[PDB]
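A single chain, nothing else alongside it, follows as structure tokens in the form deposited in one PDB entry.
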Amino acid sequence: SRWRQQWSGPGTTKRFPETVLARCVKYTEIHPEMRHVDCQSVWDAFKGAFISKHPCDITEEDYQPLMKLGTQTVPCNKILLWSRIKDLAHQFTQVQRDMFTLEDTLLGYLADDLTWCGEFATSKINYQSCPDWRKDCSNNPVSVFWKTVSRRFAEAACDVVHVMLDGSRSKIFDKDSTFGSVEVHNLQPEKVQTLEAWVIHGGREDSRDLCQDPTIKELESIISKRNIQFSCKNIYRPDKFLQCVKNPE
């Protein structure tokens, strides 16, 4: 458009509509329980959330239509959260197939690793640039999507929730993360009894107990205040943790 400003973030991912549709079909092919879903309606509601809208004023209410159509019941006691250890978290749920990350749900599978935005009063997707959360604005279509769906996934969890955390990082638990700033605060104390952390070892540092780390202690404190118990395990050898998950016989 004639009035469209430059943003600092990458533009909408190449072939976005077509990638979303193909993913919706693919997901429902592999997951027979979701075949009631009309993928054209799914796309049309996703689109309705952000096109013709200034992409610094996107709200949770904008995505409500998408949320309704994406309604999915996962077994609430088989939930895996994670923070900066994507590869191992999803390798885990590929093998232990009764456990679920957000990206194993429909809505999460669709949006995984994609960028998108539009512009006020146009029907056009902006392929040139999109708002960066830091340099531009926080209420952008991508950020608002993930905080909305991450809240609802956490709200649905029950009994024992597991979180996988990256032990090679400087801040093993990080307040400024989806886990740290959305999910820990929206687990329901009525439904959830325990949050169990799995700290995955790697990188340079020599082998020590990482459940004694200052960020883990901070985490323990944050969740205790919410009246939910905390547990923590070291996973020293990720290599052999998958081997005995995938072949316990």
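Shifts are known only where both forms have a C-alpha. Superpose the two forms; the largest set of C-alphas matching within 1.5 Å is the rigid core. Note that residue numbering begins at 1 and tracks the sequence as displayed.
Beyond the structure shown, there is the form deposited in another entry, which is absent from this document and is the topic of what follows.
Rigid core fitted, is the C-alpha displacement of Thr93 between the shown form and the other one 2 Å or more?
-> The answer is no, as the C-alpha of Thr93 shifts between the shown form and the other one by less than 2 Å after core alignment.
Honestly, after the rigid core fit, is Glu205 moving at least 2 Å at Cα between the shown form and the other one?
-> Indeed, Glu205 is displaced by 2 Å or more.
Can we say the CA of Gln72 moves by at least 2 Å between the shown form and the other one when the core is superposed?
-> Yes, shifts by 2 Å or more.
Do any runs of 3 or more residues shift their CA by 2 Å or more between the shown form and the other one on a core fit, and if so, which ones, in sequence order?
-> After core superposition, the displaced runs are 70 to 73, 202 to 206.
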